[PDB]
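I have placed the structure first, in the form of structure tokens, so that the comments after it can refer back to it.
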Amino acid sequence: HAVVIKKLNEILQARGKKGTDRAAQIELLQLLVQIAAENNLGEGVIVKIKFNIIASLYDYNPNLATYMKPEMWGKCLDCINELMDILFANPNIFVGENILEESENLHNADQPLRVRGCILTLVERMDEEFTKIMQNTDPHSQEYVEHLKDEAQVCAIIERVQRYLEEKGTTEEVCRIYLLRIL
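With the working numbering, you'll find the sequence shown wraps up at 167, consecutive numbering, no jumps.
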């Protein structure tokens, strides 16, 4: 428990500091993420780990001069799909239903879009960066064709994410992934 929380929080705080090695920050999250240790084990730990893991990857690329790598795009997709699989295996039971999501706290405020809306944005990044590759590659090279092979895999996540939102779905979820789906 407290080991996990303190680790994760120390990491998040350290991330908000200018000089950071992003490679090591990612690798640490991953080593941290598995939680082989019994205290580490648990679904909230997994979800709250991934939630800060995905943008942790996306952010590192932005700081560095722009480049397109097939491998880099691929593994983050794996991350998002794993979070989605965990949430799917959850069956909308992580919130302790509806009447009480969790034991009440006066300080705490909970919004479904607020915590669970962020998910969509992740997907969107996957798409946007992906587009940035198709622009930056050579039009007639085979690499372009391979990237266009990745397009389908993005569409997959759009639909899947849409469906999870419908099962636990909240209003205005449809408007953006419907748009991407159209595009």
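Backbone N, C-alpha and C define an ideal beta-carbon position, used for all residues, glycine too.
Rounded straight-line distance, which links the Cα of residue j to that of residue i
i        : j       : result
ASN92    : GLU130  : 46 Å
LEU132   : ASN65   : 19 Å
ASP122   : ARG100  : 37 Å
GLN(-3)  : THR105  : 22 Å
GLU112   : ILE161  : 13 Å
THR4     : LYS(-9) : 16 Å
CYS139   : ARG165  : 7 Å
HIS124   : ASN23   : 52 Å
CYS60    : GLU27   : 20 Å
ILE(-11) : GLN126  : 46 Å
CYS159   : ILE(-5) : 34 Å
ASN74    : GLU88   : 22 Å
Element boundaries [alpha helix (DSSP H), containing residue i]
i        : result
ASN45    : 27 to 47
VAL(-12) : -14 to -1
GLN9     : 6 to 18
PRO96    : 96 to 100
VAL158   : 157 to 166
Which listed residue (the options) has its alpha carbon closest to that of residue i
i           : options                       : result
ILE30       : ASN76, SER40, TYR42, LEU13    : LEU13
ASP62       : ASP94, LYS34, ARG165          : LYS34
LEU163      : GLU11, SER125, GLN146, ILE38  : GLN146
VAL107      : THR115, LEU90, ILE142         : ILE142
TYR148      : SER125, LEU(-8), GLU55, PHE72 : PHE72
residue 214 : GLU151, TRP57, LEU15          : Here the chain comprises residues numbered -15 to 167, so residue 214 is not present and cannot be evaluated.
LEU16       : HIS(-15), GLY0, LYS2          : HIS(-15)
Chain-order list of residues whose beta-carbon lies under 6 Å from that of residue i (same chain, five-residue window excluded)
i      : result
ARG6   : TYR44
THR154 : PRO96, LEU97
Cutoff 8 Å: residue i Cβ touching any chain C Cβ
i     : result
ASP94 : Structure shown: chain C not included; a single protein chain is present.
Cβ-based neighbour list, residue i, same chain, cut-off 8 Å, excluding 5 preceding and 5 following
i      : result
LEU25  : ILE19
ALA21  : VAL(-13)
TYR128 : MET118, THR121, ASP122
Cβ-heavy atom distance, residue i to the ligand NAD, below 7 Å
i     : result
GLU85 : Among the ligands in the structure shown, none appear at all, so the ligand NAD cannot be discussed.
Proximal residues to residue i (C-beta, below 7 Å), its chain only, five neighbours per side dropped
i     : result
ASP94 : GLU85
> So does the segment 36 to 48 actually touch the segment 68 to 82, counting three or more Cβ pairs closer than 8 Å?
Replying inline: no
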